[PDB]
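# Opening piece of the complex, as it sits:
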Amino acid sequence: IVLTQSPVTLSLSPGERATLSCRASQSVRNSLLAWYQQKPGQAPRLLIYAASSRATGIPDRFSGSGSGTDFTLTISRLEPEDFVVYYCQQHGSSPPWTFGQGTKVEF
């Protein structure tokens, strides 16, 4: 089971509406496709858990939606510190809780 993510860079303006999607190649069991972000060279941190739920301590403006294979990360308000590589998860299967390629939220 491998996970392919969608557009490899989001090169568009700050302060607007962007959509992030993880097109899985095999159907994710039990909808466990948590969403992480990782600013380059530092520790990642969790935003969406159980493929839709907002994490504790994390504020608003993010949204995980859908289940199964069709999937969406919904970011509402691109602040300059949200121009970060964003990552999938498949820690649902068994082995290879495969991540994604990431993307580049770019100005």
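Great, that's in hand. Numbers count the residues shown, from 1 in each chain, chains lettered A, B, ... in the order given.
# which residues does the residue nearest the centre of chain A bridge with?
Taking Cα atoms, centre = their mean, the centroid of chain A lies closest to residue A:35, which sits 3.8 Å from it. Beta-bridge pairing of residue A:35 under DSSP bridges involves residue A:48.
# Can you point out the buried residues in stretch A:6-25?
Using 16 or more other Cβ atoms under 10 Å as the test for burial, stretch A:6-25 gives A:6, A:10, A:18, A:20-22, A:24. In short, each C-beta sits where N, CA and C put it, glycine included.
# How far does that stretch stretch from one end to the other?
Separation of the first and last residues of stretch A:6-25 by Cα to Cα, to the nearest Å is 12 Å.
# do stretch A:16-25 as well
One end of stretch A:16-25 sits 29 Å from the other (Cα to Cα).
# what's the answer for stretch A:89-107, then?
For stretch A:89-107, the first-to-last residue distance is 25 Å (Cα to Cα).
# what does it contact?
Stretch A:89-107 is contacted from outside by A:1-14, A:18, A:20, A:22, A:24, A:28-36, A:38, A:75, A:78, A:82-88, using Cβ atoms under 8 Å, 6 or more residues apart in numbering.
# Can you mark which positions in it are buried?
Buried positions in stretch A:89-107, judged by neighbour count with 16+ other Cβ under 10 Å: A:89-90, A:92, A:98-100, A:102-103, A:105.
# Now for these: which two are most distant?
A:92 and A:105 (25.4 Å; Cβ to Cβ).
# neighbours around residue A:53, how many?
11 (other Cβ atoms under 10 Å).
# no wait, residue A:82
A count of nearby residues for residue A:82, using other Cβ under 10 Å, gives 17.
# Any idea how far stretch A:91-106 is from the middle of the chain?
Relative to its parent chain, stretch A:91-106 has a centroid offset of 8 Å by Cα atoms, centre = their mean, to the nearest Å.
# then chain B, please:
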Amino acid sequence: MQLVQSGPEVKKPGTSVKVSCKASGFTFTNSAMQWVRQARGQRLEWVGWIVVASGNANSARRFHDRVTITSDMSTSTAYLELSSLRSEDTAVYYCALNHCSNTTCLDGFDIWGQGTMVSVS
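Putting chain B together with the chains above:
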């Protein structure tokens, strides 16, 4: 609610590494740590995961025979040693933990470590 990880280890392509990851502020319940290896300039990867209460480790397929991912509940730690430390192993190693809210546990690896620059020189 913090996972203090060990410092960097500059190593050699014949040696083996020993990466520890202590959990500060709390003790290990049935918490299911995972381990993430990031070569710099590449994506995050998956090494393996320990159910910390049970010790049932399970490593990834390319790491199937040469990493043993052990845990110790007495010291509230969880270790990792990777064998043979090839030139394609220079990375940053992240110990990610699932927070357990006693009554239950969460479904997300929220509290992470800080990294371990395992250098293969």
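# again for the neighbour count of residue A:53, chain B present now?
14 (other Cβ atoms under 10 Å in any protein chain shown).
# Quick check: closest non-adjacent residue to it.
Using Cβ to Cβ, 6 or more residues apart in numbering or on different chains and skipping residues adjacent in sequence, the residue nearest residue A:53 is residue A:64, 6.9 Å away.
# likewise residue B:12?
For residue B:12, the closest residue by Cβ to Cβ, 6+ apart turns out to be residue B:121, at 6.4 Å.
# tell me which parts of chain A are close to chain B?
Counting by Cβ under 8 Å from any Cβ of the partner chain, the residues of chain A close to chain B are A:32, A:34, A:36, A:38, A:41-46, A:48-50, A:53, A:55-56, A:87, A:89, A:91, A:95-102.
# Let's see that with 7 Å instead.
A:32, A:34, A:38, A:43-46, A:49-50, A:55, A:87, A:95-99, A:101-102 (Cβ under 7 Å from any Cβ of the partner chain).
# the strands in chain B, which residues?
Applying DSSP state E to chain B gives strands spanning B:2-5, B:9-11, B:19-24, B:33-38, B:48-51, B:56-59, B:67-68, B:71-72, B:77-82, B:91-96, B:117-120.
# Revised request: answer the last question for chain A.
Ranges of strands in chain A, per DSSP E, are A:3-5, A:10-11, A:18-20, A:22-24, A:35-38, A:45-49, A:53-54, A:62-65, A:72-75, A:85-87, A:105-106.
# So for residue B:85, which of those sits nearest?
Using Cβ to Cβ, the nearest of those to residue B:85 is strand A:35-38, at 24.1 Å.
# burial count for the one residue in chain B that gets nearest to chain A?
Relative to chain A, the nearest point of chain B is residue B:108 (3.0 Å; Cβ to the nearest Cβ). Using other Cβ under 10 Å, the number of residues around residue B:108 comes to 24.
# Report the contact partners of the residue lying closest to it once chain neighbours are set aside.
Distance criterion Cβ to Cβ, 6+ apart; nearest residue to residue B:108, sequence neighbours excluded, is residue A:49 at 3.0 Å. Shown in contact with residue A:49 (Cβ atoms under 7 Å, 6 or more residues apart in numbering or on different chains): A:34, A:55, B:106-108.
# Include this sequence as chain C:
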Amino acid sequence: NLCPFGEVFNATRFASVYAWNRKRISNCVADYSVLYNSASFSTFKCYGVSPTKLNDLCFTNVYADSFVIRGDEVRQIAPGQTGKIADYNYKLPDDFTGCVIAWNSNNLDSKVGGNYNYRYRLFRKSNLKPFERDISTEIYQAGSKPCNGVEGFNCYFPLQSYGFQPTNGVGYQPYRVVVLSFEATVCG
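So, slotting chain C in with the rest:
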């Protein structure tokens, strides 16, 4: 007629602590001198009655709950005690009338190469009520999403087998533990 303590204490095989073997002993004379003066039982102390004083007092029903645990959590088999075996495997009540006999069993139970027959319940939703015997080996759910009895993330099989080796230390050696409980046909 004598009470059959010889089929409990000198038994060939015990049971694991999650499925702890309980046998009811009644309608006999219970000779406790061969227990206290055996000089082979390492851990032995009695709650609610002195061990040399219970020989000449008569009860109605005696249960000899027996299991095998690691030598560290022999202290967990006590009234008013909190831990892993005392919460998920075998809990004694606070008003416990009876007592506990534990002796080392490295020479029988710890076989060469590891003995994995003995398991203990490690993951459970709630702590056990006293004298509860839990036999279910359902795949424990630790998170929100149920995972229908298959093994995986937040899906743990609740019985983790002990690793019993002759190489192991004194605290890691298996100790055959027999727990006596008391409540009028069991006299001395």
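# mind redoing the contacts of stretch A:89-107 now chain C's in there?
For stretch A:89-107, contacts defined as Cβ under 7 Å, 6+ apart pick out A:1-3, A:5, A:7-11, A:14, A:20, A:22, A:28-30, A:32-34, A:36, A:78, A:82-88, B:43-44, B:46, B:58, B:60-61, C:152-153.
# Generate a ChimeraX selection restricted to the buried entries among the residues you listed.
Buried residues within these, by 16 or more other Cβ atoms under 10 Å in any protein chain shown, are selected in ChimeraX with:
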select /A:1,3,5,10,20,22,28,29,30,32,33,34,36,78,82,84,85,86,87,88 /B:43,44,46,60 /C:152,153
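# Give me the phi and psi angles of residue 71.
You didn't say which chain, so I picked chain A. Here is the backbone geometry of residue A:71 (degrees, to the nearest 10): phi -160, psi 150.
# Not quite, go with chain C.
According to degrees, to the nearest 10, residue C:71 has phi -70, psi -10.
# Out of all residues in chain C, which is the farthest from the middle?
Within chain C, the residue lying farthest from the chain centre (Cα atoms, centre = their mean) is residue C:145, at 34.0 Å.
# For chain C, which segments count as strands?
Using DSSP E, strands in chain C cover C:21-25, C:28-29, C:43-47, C:62-70, C:98-104, C:119-121, C:140-141, C:155-156, C:159-161, C:174-182, C:186-187.
# Out of the ones you listed, which gets nearest to chain A?
Evaluated over the strands of chain C, closeness to chain A peaks at strand C:155-156, with 9.5 Å, by Cβ to the nearest Cβ.
# got the contact list for that closest one?
B:30, B:51, B:54, C:123, C:139-142, C:147.
# and residue B:118, what does it touch?
B:9, B:11, B:17, B:19, B:89-91, B:93.
# That one and residue A:55, how far apart?
28 Å (Cβ to Cβ, to the nearest Å).
# buried stuff in stretch C:126-144?
Buried residues in stretch C:126-144 (16+ other Cβ under 10 Å): C:128, C:131, C:139-143.
# And it, end to end?
16 Å.
# Also stretch A:61-81?
Start-to-end, stretch A:61-81 (Cα to Cα) is 13 Å.
# Same check on stretch C:154-169?
Stretch C:154-169 end-to-end distance (Cα to Cα) = 32 Å.
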